[PDB]
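Right, one structure below, let's go through it.
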Amino acid sequence: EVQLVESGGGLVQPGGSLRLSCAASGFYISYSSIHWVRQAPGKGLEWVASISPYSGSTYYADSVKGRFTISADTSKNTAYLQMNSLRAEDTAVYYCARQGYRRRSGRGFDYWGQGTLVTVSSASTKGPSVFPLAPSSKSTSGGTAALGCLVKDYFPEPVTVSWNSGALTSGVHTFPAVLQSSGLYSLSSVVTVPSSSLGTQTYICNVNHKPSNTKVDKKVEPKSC
Amino acid sequence: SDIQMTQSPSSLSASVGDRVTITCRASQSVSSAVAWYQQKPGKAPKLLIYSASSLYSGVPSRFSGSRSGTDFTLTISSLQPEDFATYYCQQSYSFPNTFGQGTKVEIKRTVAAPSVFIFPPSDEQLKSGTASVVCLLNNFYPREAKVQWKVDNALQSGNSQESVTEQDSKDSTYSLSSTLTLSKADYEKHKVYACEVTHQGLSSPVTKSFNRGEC
RNA sequence: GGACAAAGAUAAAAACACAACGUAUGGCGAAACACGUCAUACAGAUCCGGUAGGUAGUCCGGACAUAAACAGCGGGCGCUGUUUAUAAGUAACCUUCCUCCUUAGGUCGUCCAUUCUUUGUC
Ligand SMILES: COc1ccc2c(c[n+](C)c3c4cc5c(cc4ccc23)OCO5)c1OC
Ligand SMILES: [K+]
Ligand SMILES: [Mg+2]
Ligand SMILES: [Os+3]
Ligand SMILES: [Os+3]
């Protein structure tokens with residue numbers, strides 16, 4: 001019944017502003033403290049801001065002091081986080097959390113939102129290039145071989161990778177994307193197959209990057225000699 | 001001065017039915033204003049314990065919290081498969097609120113040696129003007145492993161990016177990809193490229209290499 | 001028997017009123033701060049002298065203590081010094097004397113002084 005839904009995230013350029021919303025349901029925000037906590041990709045939780053009930057008192061963390069403002073609009077039952085002068089280190093999923101009732105939950109945060117992603121980067125939308133990680137010609141005659149696709153130089157996340165239009169799903173590892181110094185993302189998807197099958201069976205990886213409207217099907221095959 | 005919460009261990013390996021303990025140490029007094037949360041991948045944290053001893057409504061009774069001075073512990077009496085996640089501690093005694101760096105509780109498994117493969121740059125990529133050589137370490141446990149790049153037996157530093165998969169649902173294993181990015185010209189000026197791997201299950205450091213422009 | 005006088009013992013003794021607005025801690029209010037409310041504590045009734053015979057929590061003077069403001073020194077904080085405050089009120093009322101602050105200012109007064117003992121001289 002109690003729910004918090006964040007919204008307003010997206011991609012913003014460094015030094016630009018964004019305004020996040022936290023719409024509440026099943027409770028009135030005026031009777032609770034509201035918190036914003038962020039999580040950078042691959043990192044832990046970081047408390048960002050809090051607003052107290054019946055006074056409006058705002059408390060912020062050093063990383064955001066002067067550049068972030070937490071506000072509440074009781075008539076729309078929504079909390080807000082205004083971000084100015086944003087920089088790359090601010091890229092994260094932002095949760096809003098309700099602080100619990102003191103009699104029932106102490107000061108723990110008893111309800112959270114799903115989060116909303118904020119990406120601070122000067123990169124422009126770009127479709128990936130997809131290259132064949134061909135199977136080793138020196139592969140064992142009766143041993144396992146490995147083949148793959150490299151999805152490279154795409155912004156922003158995500159991409160989806162299937163193999164043989166999803167028929168081949170066993171033994172496939174799609175790796176997490178890593179942001180490279182270019183500001184563009186890169187990942188690789190690999191599958192291990194029996195080496196007896198390399199000439200008989202055709203392997204295709206299907207890469208989709210919806211943000212750029214990019215669908216590519218790349219066939220990976222052993223190279224000459 | 002802001003309060004620091006130091007959580008140990010950063011990563012823990014255990015099995016179903018294990019008794020698990022995670023600790024948090026505060027730089028100052030935080031009284032009992034400490035809470036513990038569980039976060040599973042891709043999901044929001046869920047409150048487990050508040051006021052550092054109290055079980056939050058609906059959380060299973062196999063979770064408990066204890067306070068000794070400025071040290072707080074979260075204990076799971078018997079692990080269950082749904083209990084493998086990252087756990088966080090938070091102080092709310094004084095603003096600004098601080099959270100622990102986190103502790104990930106992962107399934108413990110038999111030591112498995114990595115299978116290492118090397119993929120030379122594709123010809124399409126060389127037509128694009130860049131070269132990437134990918135080392136794959138497949139289906140190994142534990143996650144700790146070292147990957148080193150040798151170009152003509154010359155160790156490369158600052159040109160390699162690694163990516164690791166989460167633990168597999170069936171193998172309870174990890175996989176790692178290492179990509180080495182060189183210019184097409186720099187790639188064209190050397191002949192031998194090797195991926196040297198060290199792992200606990202490897203009795204010697206395995207090296208898988210290829211020679212440029214060769215079958 | 002009485003009178004005057006000194007020296008003792010003993011007793012007595014001042015009207016009216018005397019203020020938590022506020023602060024601190026804690027509990028509670030849908031409540032980390034703010035706010036509302038409740039509980040508890042906090043307002044120099046300290047010490048010494050004097051007020052002309054005596055009687056002072058409140059008069060007069062000094063000391064100490066506590067609080068605030070300000071000045072200075074040292075490396076928001078600490079120390080030092082000075083000033084002020086510590087109820088309203090010895091205001092108001094009654095009341096004597098004095099002074100052209102006279103539609104005022106100061107000043108005498110407002111309470112108690114009981115009972116008994118010794119000695120000196122008529
Ligand atoms: C020698 O001892 C003395 C001397 C003078 C006094 C005194 C006591 N009181 C109460 C008063 C007094 C009381 C008052 C007043 C005036 C007053 C004037 C003088 C005294 O007007 C208001 O009430 C006292 O006893 C210790
Ligand atoms: K170099
Ligand atoms: Mg006085
Ligand atoms: Os600090
Ligand atoms: Os070189």
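Per the listing B:174, B:93, the residue uniquely of a type in the set (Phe, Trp, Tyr) and either within 16 Å of ligand 2 (Cβ to nearest atom) or facing chain A (nearest Cβ under 9 Å) (or both) is B:93.
Looking at region B:22-43, is at least one residue within 23 Å of residue A:4 (Cα to Cα), surrounded by fewer than 19 Cβ atoms within 10 Å (Cβ to Cβ) and either within 16 Å of ligand 5 (Cβ to nearest atom) or among the charged types (D, E, K, R) (or both)? For region B:22-43, residues within 23 Å of residue A:4 (Cα to Cα), surrounded by fewer than 19 Cβ atoms within 10 Å (Cβ to Cβ) and either within 16 Å of ligand 5 (Cβ to nearest atom) or among the charged types (D, E, K, R) (or both): present.
Identification of strands (runs of 3 or more DSSP E) wholly contained in region A:122-225 with 2 or more residues that are of a type in the set (D, E, K, R) yields A:144-154, A:214-220. Residue B:61 - would you say it is assigned to a loop (DSSP other than H, G, I, E, B), more than 13 Å from chain A (Cβ to nearest Cβ), more than 16 Å from ligand 4 (Cβ to nearest atom) and of a type in the set (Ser, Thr, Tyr)? For residue B:61, the condition - assigned to a loop (DSSP other than H, G, I, E, B), more than 13 Å from chain A (Cβ to nearest Cβ), more than 16 Å from ligand 4 (Cβ to nearest atom) and of a type in the set (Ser, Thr, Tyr) - is met.
Taking the criterion of being hydroxyl-bearing (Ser, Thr, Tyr), within 22 Å of residue A:41 (Cα to Cα) and within 8 Å of chain A (Cβ to nearest Cβ), the only residue of region B:96-137 that qualifies is B:98.
Being outside any strand (DSSP E or B), touching a residue at least 40 places away in the same chain (Cβ under 8 Å) and assigned by CATH to the domain that holds residue B:190 is a description that does not apply to residue B:137. Answer yes if at least one residue in region A:27-46 is in contact with a helix residue (DSSP H, G or I) (Cβ under 8 Å, 6 or more places away or on another chain) and of a type in the set (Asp, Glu), and no otherwise. The answer is yes, given that some residue of region A:27-46 is in contact with a helix residue (DSSP H, G or I) (Cβ under 8 Å, 6 or more places away or on another chain) and of a type in the set (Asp, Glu).
Which one of these is under 25 Å from residue B:13 (Cα atoms), without any contact (Cβ under 8 Å) to a residue 60 or more places away in the chain and more than 16 Å from ligand 4 (Cβ to nearest atom): B:178, B:160, B:132, B:128? Matching residue, one of B:178, B:160, B:132, B:128: B:178. I'd like to know if region A:5-14 contains one or more residues that are within 11 Å of chain B (Cβ to nearest Cβ) and surrounded by fewer than 22 Cβ atoms within 10 Å (Cβ to Cβ). The answer is no, given that none of the residues of region A:5-14 is within 11 Å of chain B (Cβ to nearest Cβ) and surrounded by fewer than 22 Cβ atoms within 10 Å (Cβ to Cβ). Checking A:50, A:33 one by one, the residue that is in contact with a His (Cβ under 7 Å, 6 or more places away or on another chain), within 14 Å of another protein chain (Cβ to nearest Cβ), within 16 Å of RNA strand C (Cβ to nearest atom) and within 16 Å of residue A:110 (Cα to Cα) is A:50 and no other.
Give the residues of region A:124-139 that are aliphatic (A, V, I, L, M) and under 16 Å from the mean Cα position of the chain (by Cα), sorted by residue number.
Of region A:124-139, the ones aliphatic (A, V, I, L, M) are A:130, A:133-134.
Of everything in region A:124-139, nothing turns out to be aliphatic (A, V, I, L, M) and under 16 Å from the mean Cα position of the chain (by Cα).
Here the Cβ is made from the backbone with ideal geometry for all residues, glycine too, and neighbour counts use every protein chain on show. The values are calculated or read from the model by the stated rules, or taken from the named source; these are not laboratory values.
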